[PDB]
Amino acid sequence: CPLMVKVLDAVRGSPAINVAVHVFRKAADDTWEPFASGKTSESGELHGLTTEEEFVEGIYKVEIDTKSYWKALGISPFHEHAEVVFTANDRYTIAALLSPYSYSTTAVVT
Amino acid sequence: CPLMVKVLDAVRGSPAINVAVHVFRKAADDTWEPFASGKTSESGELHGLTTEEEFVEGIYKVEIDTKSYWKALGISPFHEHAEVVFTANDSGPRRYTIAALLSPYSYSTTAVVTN
Ligand SMILES: O=C(O)c1ccc2nc(-c3c(Cl)cccc3Cl)oc2c1
Ligand SMILES: O=C(O)c1ccc2nc(-c3c(Cl)cccc3Cl)oc2c1
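As structure tokens, this is what we get:
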């Protein structure tokens, strides 16, 4: 698994479960083309997004639907979503920690 | 100002100076239209982006050019940039501070919304 996403909830101290995550790759035309997507699991993780073969060098965007997550909890959040944009240059874990008016993200590249 | 941006550097323990920031607003046809831009000052702050009049309801994207910042400092960071996307002024005018704290492989952002 060359790409994994983990999402945590900083308010409740728990995995952020059932959060939609969409991954895009930049095409030769400056636009974002769909690449991979899923919903985080009970442990706040999303695996099986891609294969080593498909995950070539490029610029990728990981979009995390944080607004839906908070709304489902009865909480009006600030951000429309959380976006993480990076170049993959030949394992990537994109981690995100969420609060209604804040988020933090880190990359663990091993 | 109704929109302010503050950027700190978690590596040096300092304001992040001369960070380019571009703000876009979502148009009716769903394109990101340029709205404003600037660079952070020696205190890591960017003021004067817009006016109460021009900062109407909408979905805004504040893009902080973190890669250009780390690259101007001679190192190669992880992210291309840090984006902050939010609906603004949908229950009347508010004042927004978008704060960001930067490291080469990580960033954090928070919003302070008043009045
Ligand atoms: O339990 C896990 O599997 C887990 C793995 C990685 C991780 N990173 C992290 C984090 C972020 Cl993303 C931003 C700011 C501060 C912290 Cl501590 O929390 C967290 C939890
Ligand atoms: O000195 C200032 O003017 C200053 C103002 C606001 C602010 N927020 C912040 C922050 C972020 Cl943005 C993310 C995670 C943790 C923290 Cl403490 O640092 C910081 C510094």
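As you go down the protein sequences, you meet chains B and A in turn.
For the first sequence, the positions run 10 to 99, 104 to 123 when the entry's author numbering is used.
Following the entry's author numbering, the numbering of the second sequence begins with 10 at its first residue and continues without gaps.
Yeah, the Cβ is synthetic: ideal placement off N, Cα and C, and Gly gets one too.
Cβ-Cβ distances below 7 Å link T119/B to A108 in the same chain, with the five nearest sequence neighbours on each side left out; the list follows chain order.
Only those residues of the region 42-70 of chain B whose C-beta falls short of 9 Å from the nearest C-beta of chain A are listed: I68 and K70. Within the same chain, and ignoring the five residues on either side of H88/A in sequence, the residues whose Cβ sits closer than 6 Å to its Cβ are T75. In the structure shown, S77/B adopts helical secondary structure according to DSSP, grouped into three states. Within chain B, the residues placing a beta-carbon under 8 Å from that of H90/A are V94, ordered along the chain.
A distance filter of 7 Å between CB atoms and the heavy atoms of ligand 2 selects the following residues in sequence order: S115/B, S117/B, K15/A, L17/A, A108/A, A109/A, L110/A, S117/A, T118/A and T119/A.
At least one beta carbon of chain A lies nearer than 8 Å to the beta carbon of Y114/B.
Taking the beta carbon of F33/B as reference, no residue of chain A falls within 7 Å; the closest one sits roughly 12 Å away.
For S115/A, DSSP records a beta bridge to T119/B and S112/A. In this structure, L110/A places its C-beta atom within 8 Å of the C-beta atom of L17/A.
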